Amino acid sequence: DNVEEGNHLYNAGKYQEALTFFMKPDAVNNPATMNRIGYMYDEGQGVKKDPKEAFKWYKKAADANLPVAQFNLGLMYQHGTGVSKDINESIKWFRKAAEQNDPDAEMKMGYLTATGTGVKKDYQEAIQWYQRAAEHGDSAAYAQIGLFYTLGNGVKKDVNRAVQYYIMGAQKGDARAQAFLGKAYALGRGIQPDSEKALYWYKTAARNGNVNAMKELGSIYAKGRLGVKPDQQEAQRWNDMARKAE
């Protein structure tokens, strides 16, 4: 294959070297490869980053019914990256990509439905899209669903069930569910108050770049909440890092 070779060179950072292989007649015609050429233009892997040119390759690949590339194409409309911003053409593509079972597109559809951005707001359709994106390997989806039960958007507030969703997403690497779960342990809101497990999950979410957990952590050590020995050598570490991250 001229694409599988070009994949090996690209997988190993020889982007321009890999790009020539992809531009070969047998390679260009591959839809998955056509998508990758748009990516390389989108991030400047082998070329000077041109999003407008990246749009050309996303459209070719998305016009071949490639779920990854229909999502990418819908993004380019939504942000108006390489085309002129068309929020409502963008949902044509997310819809196609999401109904083709793309996880990222299903969640973009959970968002657009929950906010009513390009479509009639519907908290019930938004849950379905979010739960479907969870089945397809998206850990952020769990906390997005649990928010509905904590807040009460289209459902009666079931704080117990919301924390069950947080724990799921928290144990699968999601920075926010981890912070949400830490707050649940800390107040006993969702489950049984554990000052240790609350601290563990706060530390894990901060480790994963959740700013509210960093800020929370800095407050924990300074005041001396949650049974830590009050430490300011740690407390000022966290708050500085949070400021630096915004």
# chains A, B, ... in the order shown; residues from 1 in each chain; ligands from 1
>>> select_by_dssp(residues="region 3-220 of chain A", states="alpha helix (DSSP H)", output="short mmCIF file (atom, residue, chain, number, x, y, z; two decimals) with N, CA and C atoms, in the first residue's frame")
data_model
loop_
_atom_site.label_atom_id
_atom_site.label_comp_id
_atom_site.auth_asym_id
_atom_site.auth_seq_id
_atom_site.Cartn_x
_atom_site.Cartn_y
_atom_site.Cartn_z
N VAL A 3 -0.66 4.06 1.03
CA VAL A 3 -1.19 4.76 2.20
C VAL A 3 -0.61 4.19 3.49
N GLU A 4 -0.41 2.87 3.54
CA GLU A 4 0.10 2.25 4.76
C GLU A 4 1.55 2.64 5.00
N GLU A 5 2.34 2.70 3.93
CA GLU A 5 3.67 3.29 4.03
C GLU A 5 3.57 4.71 4.55
N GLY A 6 2.87 5.58 3.81
CA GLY A 6 2.71 6.96 4.24
C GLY A 6 2.16 7.11 5.64
N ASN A 7 1.43 6.10 6.13
CA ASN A 7 1.00 6.12 7.52
C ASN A 7 2.18 5.91 8.47
N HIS A 8 3.04 4.95 8.15
CA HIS A 8 4.21 4.68 8.99
C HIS A 8 5.09 5.92 9.14
N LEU A 9 5.36 6.62 8.03
CA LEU A 9 6.18 7.82 8.10
C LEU A 9 5.50 8.92 8.91
N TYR A 10 4.17 9.01 8.82
CA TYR A 10 3.45 10.05 9.54
C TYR A 10 3.37 9.72 11.03
N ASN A 11 3.08 8.45 11.36
CA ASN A 11 3.08 7.98 12.74
C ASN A 11 4.39 8.29 13.44
N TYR A 15 6.43 14.05 8.62
CA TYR A 15 5.15 14.46 8.04
C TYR A 15 5.27 14.75 6.55
N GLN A 16 6.15 15.68 6.18
CA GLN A 16 6.34 16.01 4.77
C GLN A 16 6.74 14.77 3.97
N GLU A 17 7.62 13.94 4.53
CA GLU A 17 7.96 12.68 3.89
C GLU A 17 6.72 11.81 3.70
N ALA A 18 5.84 11.77 4.71
CA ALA A 18 4.63 10.98 4.60
C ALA A 18 3.62 11.62 3.66
N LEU A 19 3.63 12.95 3.55
CA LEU A 19 2.61 13.65 2.77
C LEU A 19 2.68 13.28 1.29
N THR A 20 3.90 13.16 0.75
CA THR A 20 4.04 12.82 -0.66
C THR A 20 3.40 11.47 -0.97
N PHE A 21 3.56 10.50 -0.07
CA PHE A 21 2.93 9.20 -0.25
C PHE A 21 1.41 9.32 -0.34
N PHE A 22 0.82 10.14 0.54
CA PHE A 22 -0.62 10.31 0.55
C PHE A 22 -1.12 10.99 -0.72
N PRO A 25 -1.66 8.69 -6.52
CA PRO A 25 -3.00 8.42 -7.05
C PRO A 25 -3.82 7.41 -6.26
N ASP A 26 -3.22 6.30 -5.86
CA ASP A 26 -3.95 5.29 -5.09
C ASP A 26 -4.31 5.78 -3.69
N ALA A 27 -3.56 6.74 -3.16
CA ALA A 27 -3.72 7.19 -1.79
C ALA A 27 -4.78 8.29 -1.66
N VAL A 28 -4.68 9.32 -2.49
CA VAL A 28 -5.60 10.45 -2.50
C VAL A 28 -7.04 9.95 -2.48
N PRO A 31 -10.77 7.59 1.36
CA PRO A 31 -11.47 8.58 2.20
C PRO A 31 -10.79 8.85 3.54
N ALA A 32 -10.40 7.79 4.26
CA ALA A 32 -9.70 7.99 5.53
C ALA A 32 -8.42 8.79 5.34
N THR A 33 -7.72 8.56 4.23
CA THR A 33 -6.51 9.32 3.95
C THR A 33 -6.83 10.77 3.60
N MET A 34 -7.87 10.99 2.79
CA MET A 34 -8.32 12.35 2.45
C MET A 34 -8.59 13.16 3.71
N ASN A 35 -9.17 12.50 4.71
CA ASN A 35 -9.40 13.16 5.99
C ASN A 35 -8.08 13.56 6.65
N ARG A 36 -7.08 12.67 6.60
CA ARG A 36 -5.81 12.95 7.26
C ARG A 36 -5.10 14.12 6.61
N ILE A 37 -5.21 14.26 5.28
CA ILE A 37 -4.60 15.40 4.60
C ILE A 37 -5.20 16.70 5.09
N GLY A 38 -6.51 16.71 5.33
CA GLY A 38 -7.13 17.89 5.91
C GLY A 38 -6.59 18.19 7.30
N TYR A 39 -6.41 17.14 8.11
CA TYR A 39 -5.82 17.30 9.43
C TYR A 39 -4.44 17.95 9.35
N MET A 40 -3.57 17.41 8.50
CA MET A 40 -2.21 17.92 8.35
C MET A 40 -2.18 19.38 7.92
N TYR A 41 -3.14 19.77 7.08
CA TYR A 41 -3.30 21.19 6.77
C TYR A 41 -3.89 21.94 7.95
N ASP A 42 -4.76 21.28 8.73
CA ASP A 42 -5.43 21.93 9.85
C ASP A 42 -4.47 22.23 11.00
N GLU A 43 -3.45 21.39 11.19
CA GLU A 43 -2.48 21.58 12.26
C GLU A 43 -1.09 21.91 11.75
N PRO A 51 -6.27 26.58 7.36
CA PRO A 51 -7.57 25.93 7.60
C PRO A 51 -8.47 25.93 6.37
N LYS A 52 -8.39 26.97 5.54
CA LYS A 52 -9.17 27.01 4.31
C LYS A 52 -8.86 25.80 3.44
N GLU A 53 -7.58 25.48 3.28
CA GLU A 53 -7.20 24.29 2.52
C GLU A 53 -7.63 23.02 3.25
N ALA A 54 -7.55 23.02 4.59
CA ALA A 54 -8.02 21.88 5.36
C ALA A 54 -9.51 21.63 5.13
N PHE A 55 -10.27 22.68 4.82
CA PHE A 55 -11.69 22.53 4.53
C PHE A 55 -11.91 21.73 3.25
N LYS A 56 -11.04 21.92 2.25
CA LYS A 56 -11.19 21.21 0.98
C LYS A 56 -11.10 19.70 1.17
N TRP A 57 -10.17 19.26 2.02
CA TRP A 57 -9.97 17.83 2.22
C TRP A 57 -11.02 17.23 3.14
N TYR A 58 -11.49 18.01 4.11
CA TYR A 58 -12.59 17.53 4.95
C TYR A 58 -13.86 17.35 4.13
N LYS A 59 -14.12 18.26 3.18
CA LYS A 59 -15.33 18.14 2.38
C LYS A 59 -15.27 16.93 1.46
N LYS A 60 -14.13 16.73 0.78
CA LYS A 60 -13.96 15.53 -0.03
C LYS A 60 -14.20 14.27 0.79
N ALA A 61 -13.56 14.18 1.95
CA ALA A 61 -13.70 12.99 2.78
C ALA A 61 -15.10 12.89 3.38
N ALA A 62 -15.68 14.01 3.80
CA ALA A 62 -17.04 13.96 4.34
C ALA A 62 -18.07 13.71 3.25
N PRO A 67 -17.69 9.25 8.88
CA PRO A 67 -18.18 9.91 10.11
C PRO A 67 -17.18 10.85 10.75
N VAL A 68 -15.90 10.47 10.80
CA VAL A 68 -14.89 11.35 11.38
C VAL A 68 -14.83 12.67 10.61
N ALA A 69 -14.89 12.60 9.28
CA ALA A 69 -14.74 13.79 8.46
C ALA A 69 -16.01 14.63 8.36
N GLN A 70 -17.19 14.03 8.57
CA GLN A 70 -18.40 14.84 8.64
C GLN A 70 -18.44 15.63 9.94
N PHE A 71 -17.94 15.05 11.03
CA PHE A 71 -17.76 15.81 12.26
C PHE A 71 -16.79 16.96 12.03
N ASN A 72 -15.60 16.65 11.49
CA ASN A 72 -14.61 17.68 11.22
C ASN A 72 -15.19 18.79 10.34
N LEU A 73 -15.93 18.41 9.30
CA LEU A 73 -16.54 19.40 8.42
C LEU A 73 -17.55 20.25 9.18
N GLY A 74 -18.38 19.62 10.01
CA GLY A 74 -19.31 20.38 10.82
C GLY A 74 -18.63 21.36 11.76
N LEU A 75 -17.44 21.00 12.26
CA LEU A 75 -16.68 21.92 13.09
C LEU A 75 -16.27 23.16 12.31
N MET A 76 -15.77 22.97 11.10
CA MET A 76 -15.26 24.06 10.28
C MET A 76 -16.34 25.08 9.95
N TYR A 77 -17.59 24.62 9.88
CA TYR A 77 -18.71 25.54 9.73
C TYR A 77 -19.02 26.24 11.05
N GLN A 78 -19.12 25.47 12.13
CA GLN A 78 -19.53 26.02 13.42
C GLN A 78 -18.60 27.14 13.88
N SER A 90 -23.83 23.66 9.89
CA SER A 90 -22.93 22.80 10.65
C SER A 90 -23.65 21.61 11.26
N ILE A 91 -24.95 21.77 11.59
CA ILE A 91 -25.69 20.70 12.26
C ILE A 91 -26.18 19.67 11.25
N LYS A 92 -26.26 20.02 9.96
CA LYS A 92 -26.43 19.00 8.93
C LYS A 92 -25.35 17.95 9.04
N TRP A 93 -24.10 18.38 9.23
CA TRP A 93 -22.96 17.48 9.20
C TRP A 93 -22.79 16.73 10.51
N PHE A 94 -22.85 17.44 11.64
CA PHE A 94 -22.86 16.77 12.93
C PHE A 94 -23.94 15.70 12.97
N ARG A 95 -25.13 16.03 12.46
CA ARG A 95 -26.23 15.07 12.44
C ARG A 95 -25.85 13.81 11.67
N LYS A 96 -25.34 13.97 10.45
CA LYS A 96 -24.90 12.83 9.66
C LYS A 96 -23.83 12.04 10.41
N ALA A 97 -22.79 12.74 10.88
CA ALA A 97 -21.70 12.06 11.58
C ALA A 97 -22.19 11.44 12.88
N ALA A 98 -23.13 12.09 13.58
CA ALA A 98 -23.59 11.56 14.86
C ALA A 98 -24.51 10.36 14.67
N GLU A 99 -25.35 10.39 13.64
CA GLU A 99 -26.23 9.25 13.40
C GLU A 99 -25.46 8.05 12.86
N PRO A 103 -18.81 9.16 18.25
CA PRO A 103 -19.01 9.62 19.63
C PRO A 103 -18.90 11.13 19.77
N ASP A 104 -17.85 11.72 19.18
CA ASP A 104 -17.67 13.16 19.29
C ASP A 104 -18.84 13.92 18.68
N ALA A 105 -19.42 13.39 17.60
CA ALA A 105 -20.55 14.07 16.97
C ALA A 105 -21.82 13.89 17.79
N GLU A 106 -22.00 12.72 18.41
CA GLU A 106 -23.15 12.51 19.27
C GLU A 106 -23.15 13.48 20.45
N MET A 107 -21.97 13.78 20.99
CA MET A 107 -21.87 14.68 22.14
C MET A 107 -22.02 16.14 21.72
N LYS A 108 -21.47 16.49 20.56
CA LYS A 108 -21.75 17.81 20.00
C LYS A 108 -23.24 18.01 19.79
N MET A 109 -23.97 16.92 19.55
CA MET A 109 -25.42 16.98 19.39
C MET A 109 -26.14 16.99 20.73
N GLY A 110 -25.54 16.35 21.74
CA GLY A 110 -26.05 16.52 23.09
C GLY A 110 -25.93 17.96 23.56
N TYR A 111 -24.84 18.63 23.19
CA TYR A 111 -24.65 20.03 23.56
C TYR A 111 -25.65 20.92 22.83
N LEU A 112 -25.67 20.83 21.50
CA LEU A 112 -26.52 21.71 20.70
C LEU A 112 -27.99 21.53 21.03
N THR A 113 -28.39 20.34 21.47
CA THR A 113 -29.77 20.11 21.87
C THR A 113 -30.06 20.64 23.27
N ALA A 114 -29.09 20.54 24.19
CA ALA A 114 -29.31 21.00 25.55
C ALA A 114 -29.35 22.52 25.65
N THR A 115 -28.61 23.21 24.79
CA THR A 115 -28.61 24.67 24.78
C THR A 115 -29.58 25.26 23.77
N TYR A 123 -34.15 18.99 26.51
CA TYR A 123 -33.35 18.30 27.51
C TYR A 123 -33.45 16.79 27.40
N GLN A 124 -34.54 16.27 26.83
CA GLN A 124 -34.71 14.82 26.74
C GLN A 124 -33.94 14.24 25.56
N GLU A 125 -33.96 14.91 24.41
CA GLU A 125 -33.12 14.49 23.29
C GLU A 125 -31.65 14.63 23.64
N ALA A 126 -31.30 15.67 24.41
CA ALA A 126 -29.90 15.91 24.75
C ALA A 126 -29.35 14.80 25.64
N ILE A 127 -30.16 14.27 26.55
CA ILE A 127 -29.73 13.14 27.36
C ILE A 127 -29.42 11.94 26.46
N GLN A 128 -30.34 11.64 25.53
CA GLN A 128 -30.15 10.49 24.65
C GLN A 128 -28.85 10.59 23.86
N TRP A 129 -28.59 11.76 23.27
CA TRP A 129 -27.33 11.97 22.55
C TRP A 129 -26.14 11.79 23.48
N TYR A 130 -26.24 12.30 24.71
CA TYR A 130 -25.13 12.21 25.65
C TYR A 130 -24.89 10.77 26.09
N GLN A 131 -25.97 10.04 26.41
CA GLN A 131 -25.82 8.64 26.78
C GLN A 131 -25.27 7.81 25.63
N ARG A 132 -25.66 8.14 24.39
CA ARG A 132 -25.16 7.40 23.24
C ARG A 132 -23.68 7.66 23.02
N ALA A 133 -23.24 8.91 23.21
CA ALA A 133 -21.82 9.21 23.12
C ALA A 133 -21.02 8.55 24.23
N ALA A 134 -21.66 8.21 25.35
CA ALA A 134 -20.97 7.51 26.42
C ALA A 134 -20.72 6.05 26.03
N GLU A 135 -21.72 5.40 25.45
CA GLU A 135 -21.55 4.02 24.99
C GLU A 135 -20.41 3.89 24.00
N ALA A 140 -16.40 12.15 29.08
CA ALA A 140 -16.99 13.44 29.43
C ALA A 140 -18.51 13.36 29.46
N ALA A 141 -19.09 12.44 28.70
CA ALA A 141 -20.55 12.39 28.55
C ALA A 141 -21.23 12.11 29.88
N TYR A 142 -20.62 11.28 30.73
CA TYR A 142 -21.27 10.87 31.97
C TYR A 142 -21.57 12.07 32.86
N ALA A 143 -20.57 12.94 33.07
CA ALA A 143 -20.79 14.12 33.90
C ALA A 143 -21.77 15.09 33.25
N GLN A 144 -21.76 15.18 31.91
CA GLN A 144 -22.74 16.02 31.22
C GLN A 144 -24.16 15.53 31.49
N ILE A 145 -24.35 14.21 31.56
CA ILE A 145 -25.66 13.66 31.88
C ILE A 145 -26.00 13.92 33.34
N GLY A 146 -25.05 13.64 34.24
CA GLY A 146 -25.30 13.81 35.66
C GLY A 146 -25.68 15.23 36.03
N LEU A 147 -25.20 16.21 35.26
CA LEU A 147 -25.57 17.60 35.52
C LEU A 147 -27.08 17.79 35.45
N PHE A 148 -27.75 17.08 34.54
CA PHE A 148 -29.19 17.21 34.40
C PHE A 148 -29.91 16.80 35.67
N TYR A 149 -29.43 15.75 36.34
CA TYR A 149 -30.08 15.28 37.55
C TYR A 149 -29.70 16.12 38.77
N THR A 150 -28.49 16.69 38.78
CA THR A 150 -28.14 17.63 39.85
C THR A 150 -28.91 18.93 39.69
N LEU A 151 -29.03 19.43 38.46
CA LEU A 151 -29.66 20.72 38.21
C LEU A 151 -31.18 20.63 38.11
N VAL A 159 -30.14 13.76 42.90
CA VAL A 159 -28.73 13.97 43.22
C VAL A 159 -28.02 12.64 43.41
N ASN A 160 -28.72 11.63 43.93
CA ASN A 160 -28.12 10.30 44.09
C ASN A 160 -27.70 9.73 42.74
N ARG A 161 -28.57 9.83 41.74
CA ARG A 161 -28.27 9.27 40.43
C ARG A 161 -27.18 10.06 39.72
N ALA A 162 -27.17 11.38 39.90
CA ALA A 162 -26.15 12.22 39.27
C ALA A 162 -24.76 11.82 39.73
N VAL A 163 -24.60 11.54 41.03
CA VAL A 163 -23.30 11.12 41.53
C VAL A 163 -22.92 9.75 41.00
N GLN A 164 -23.91 8.87 40.80
CA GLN A 164 -23.63 7.59 40.15
C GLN A 164 -23.04 7.80 38.76
N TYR A 165 -23.51 8.82 38.04
CA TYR A 165 -22.93 9.14 36.74
C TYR A 165 -21.53 9.70 36.89
N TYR A 166 -21.32 10.58 37.87
CA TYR A 166 -19.99 11.14 38.10
C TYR A 166 -18.97 10.04 38.36
N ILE A 167 -19.31 9.09 39.24
CA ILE A 167 -18.39 8.01 39.58
C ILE A 167 -17.98 7.24 38.33
N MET A 168 -18.94 6.96 37.45
CA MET A 168 -18.64 6.28 36.19
C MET A 168 -17.60 7.06 35.40
N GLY A 169 -17.92 8.31 35.06
CA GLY A 169 -16.98 9.14 34.33
C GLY A 169 -15.70 9.42 35.10
N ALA A 170 -15.79 9.49 36.44
CA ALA A 170 -14.59 9.76 37.23
C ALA A 170 -13.60 8.61 37.14
N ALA A 175 -11.76 14.59 33.92
CA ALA A 175 -11.27 15.51 34.94
C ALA A 175 -12.41 16.14 35.73
N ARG A 176 -13.54 16.42 35.08
CA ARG A 176 -14.62 17.13 35.76
C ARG A 176 -15.46 16.20 36.64
N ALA A 177 -15.81 15.01 36.15
CA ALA A 177 -16.51 14.05 37.00
C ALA A 177 -15.68 13.75 38.24
N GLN A 178 -14.36 13.69 38.08
CA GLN A 178 -13.47 13.49 39.23
C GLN A 178 -13.61 14.63 40.23
N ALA A 179 -13.66 15.87 39.74
CA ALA A 179 -13.86 17.01 40.63
C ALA A 179 -15.27 17.01 41.20
N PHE A 180 -16.27 16.72 40.36
CA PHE A 180 -17.64 16.61 40.85
C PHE A 180 -17.75 15.53 41.92
N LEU A 181 -17.11 14.38 41.69
CA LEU A 181 -17.18 13.29 42.66
C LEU A 181 -16.47 13.67 43.96
N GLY A 182 -15.36 14.40 43.87
CA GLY A 182 -14.71 14.87 45.08
C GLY A 182 -15.61 15.78 45.90
N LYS A 183 -16.32 16.68 45.23
CA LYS A 183 -17.26 17.56 45.92
C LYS A 183 -18.41 16.77 46.53
N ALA A 184 -18.82 15.67 45.89
CA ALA A 184 -19.86 14.82 46.46
C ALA A 184 -19.38 14.16 47.75
N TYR A 185 -18.19 13.56 47.72
CA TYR A 185 -17.62 12.96 48.93
C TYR A 185 -17.44 14.00 50.03
N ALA A 186 -17.06 15.22 49.66
CA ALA A 186 -16.70 16.22 50.66
C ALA A 186 -17.91 16.67 51.47
N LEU A 187 -19.05 16.86 50.82
CA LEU A 187 -20.26 17.32 51.49
C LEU A 187 -21.24 16.20 51.81
N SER A 195 -13.72 12.22 53.86
CA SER A 195 -12.73 13.28 53.71
C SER A 195 -11.50 12.81 52.94
N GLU A 196 -11.15 11.53 53.08
CA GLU A 196 -10.01 10.98 52.35
C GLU A 196 -10.32 10.85 50.86
N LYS A 197 -11.39 10.12 50.53
CA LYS A 197 -11.75 9.91 49.13
C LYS A 197 -12.12 11.22 48.44
N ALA A 198 -12.66 12.19 49.19
CA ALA A 198 -12.87 13.52 48.62
C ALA A 198 -11.54 14.15 48.24
N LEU A 199 -10.56 14.10 49.15
CA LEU A 199 -9.24 14.63 48.86
C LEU A 199 -8.59 13.90 47.70
N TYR A 200 -8.71 12.57 47.67
CA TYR A 200 -8.13 11.80 46.57
C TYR A 200 -8.67 12.27 45.23
N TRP A 201 -9.99 12.44 45.13
CA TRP A 201 -10.59 12.79 43.85
C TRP A 201 -10.31 14.25 43.49
N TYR A 202 -10.27 15.13 44.49
CA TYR A 202 -9.84 16.51 44.25
C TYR A 202 -8.43 16.53 43.67
N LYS A 203 -7.51 15.79 44.30
CA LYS A 203 -6.13 15.74 43.81
C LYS A 203 -6.04 15.15 42.41
N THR A 204 -6.89 14.17 42.11
CA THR A 204 -6.84 13.53 40.80
C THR A 204 -7.38 14.44 39.71
N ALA A 205 -8.42 15.22 40.03
CA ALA A 205 -8.97 16.15 39.05
C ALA A 205 -8.01 17.30 38.78
N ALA A 206 -7.36 17.82 39.83
CA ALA A 206 -6.34 18.84 39.64
C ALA A 206 -5.17 18.28 38.83
N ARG A 207 -4.76 17.05 39.14
CA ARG A 207 -3.77 16.36 38.32
C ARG A 207 -4.16 16.34 36.85
N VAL A 211 -9.65 23.16 36.86
CA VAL A 211 -9.20 24.35 37.59
C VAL A 211 -9.95 24.52 38.90
N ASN A 212 -11.24 24.18 38.93
CA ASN A 212 -12.00 24.28 40.18
C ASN A 212 -11.43 23.36 41.25
N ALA A 213 -10.87 22.22 40.85
CA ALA A 213 -10.24 21.32 41.82
C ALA A 213 -8.93 21.91 42.34
N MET A 214 -8.16 22.57 41.48
CA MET A 214 -6.94 23.25 41.91
C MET A 214 -7.27 24.34 42.92
N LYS A 215 -8.20 25.21 42.54
CA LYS A 215 -8.63 26.28 43.44
C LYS A 215 -9.18 25.71 44.74
N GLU A 216 -10.03 24.69 44.63
CA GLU A 216 -10.53 24.02 45.83
C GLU A 216 -9.38 23.48 46.67
N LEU A 217 -8.41 22.82 46.02
CA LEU A 217 -7.29 22.23 46.75
C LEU A 217 -6.51 23.29 47.52
N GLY A 218 -6.20 24.42 46.86
CA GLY A 218 -5.49 25.48 47.54
C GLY A 218 -6.23 25.99 48.77
N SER A 219 -7.56 26.06 48.68
CA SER A 219 -8.35 26.48 49.83
C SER A 219 -8.32 25.43 50.94
N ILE A 220 -8.25 24.15 50.56
CA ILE A 220 -8.26 23.06 51.53
C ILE A 220 -7.05 23.15 52.45
#
>>> atom_distance(atom1="CA of residue 245 (chain A)", atom2="CA of residue 209 (chain A)")
8.5 Å
>>> atom_distance(atom1="CA of residue 190 (chain A)", atom2="CA of residue 243 (chain A)")
29.2 Å
>>> closest_residue(among="A:173, A:13, A:137, A:44", to="residue 210 (chain A)", atoms="only C-alpha atoms")
A:173
>>> atom_distance(atom1="CA of residue 234 (chain A)", atom2="CA of residue 193 (chain A)")
23.5 Å
>>> closest_residue(among="A:66, A:119, A:235, A:87", to="residue 100 (chain A)", atoms="only C-alpha atoms")
A:66
